[PDB]
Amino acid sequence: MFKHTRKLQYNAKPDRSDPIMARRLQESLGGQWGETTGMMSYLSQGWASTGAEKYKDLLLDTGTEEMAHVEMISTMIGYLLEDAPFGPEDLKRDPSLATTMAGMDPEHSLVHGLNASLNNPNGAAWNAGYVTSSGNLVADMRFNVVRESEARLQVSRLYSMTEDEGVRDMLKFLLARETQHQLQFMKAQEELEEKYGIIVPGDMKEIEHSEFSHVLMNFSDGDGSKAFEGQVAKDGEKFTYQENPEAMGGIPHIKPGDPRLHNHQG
């Protein structure tokens, strides 16, 4: 179960309003790699785990922390939309506001009354297709590292899209929390690989066709990938290289369907 305090985890107040920045920050709230994706993925994985408490608790700690980041971004967006222009009266007040209006999300005013949405900057709704929880923590720890990496890259870009010290203060905190999240998930990942294997899942080595398991196949005519030839892979074996990959499966000959289907194909 959860409990809430009205106090934010860290400052989320800008020095000045900026409805364009509000739109950009929707990425961190409702976007593919944003805080809702983290919260929902880590909590889902945390609830699904039946294994080591060390990782299960780490996931519940972090998914709960991400709810605090969702709260911060939502709040920051609301502050950034204060006094945003949305009608002729604003333009009569100041005609330069037409370009600001042109760059805003029309729904921030019309649908949400100058409050945050749960969409990305282009109005695309956040959706559970962005969430991963597979039951396998070697795979999902790798996902959690990527989640924090794409997120931290976006936060770093956002840092250069504003000169507001209040906004940057919040971003500086999130950058740091994302550094910690990348590190802790890499540690868990490393511990899990040591236990189960560097290849996911680590118990299928005997089953796969080993003959194709370490060959770089050159399907494009560039020469760059040839530099991997002869390098030792993480599992201790070297890569070989095939300049001209061959088709080994033959030409398919699927049986025509039942006439009740009317599959008229010539």
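Quick note: we count residues from 1 along the sequence shown, nothing fancier.
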Seminar exercise, completed: Ranked by mean Cα B-factor in the entry, 182-190 and 136-144, top stretch is 182-190
Exercise. Given the B-factors recorded for C-alpha atoms, which segment has the greater mean, 254-262 or 19-27?
Worked result: 254-262
For this session: Identify, among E35, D57, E65, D235, the residue whose C-alpha carries the highest B-factor in the deposited PDB entry.
Result: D235
Exercise. Whose CA atom has the top B-factor in the entry, of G113, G166, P88, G103?
Worked result: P88
Problem set entry | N122 by Cα B-factor - lowest, middle or highest third of the modelled chain | lowest
For this session: Pull the Cα B-factor of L175 out of the PDB entry and bin it into the chain's lowest, middle or highest third.
Result: middle
For this session: Would you mind checking where the Cα B-factor of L81 ranks among the modelled residues of its chain, as the lowest, middle or highest third?
Result: lowest
Exercise. If you rank the chain by CA B-factor, which third does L43 end up in: lowest, middle or highest?
Worked result: lowest
Problem set entry | Chain thirds of CA B-factor: placement of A98 | highest
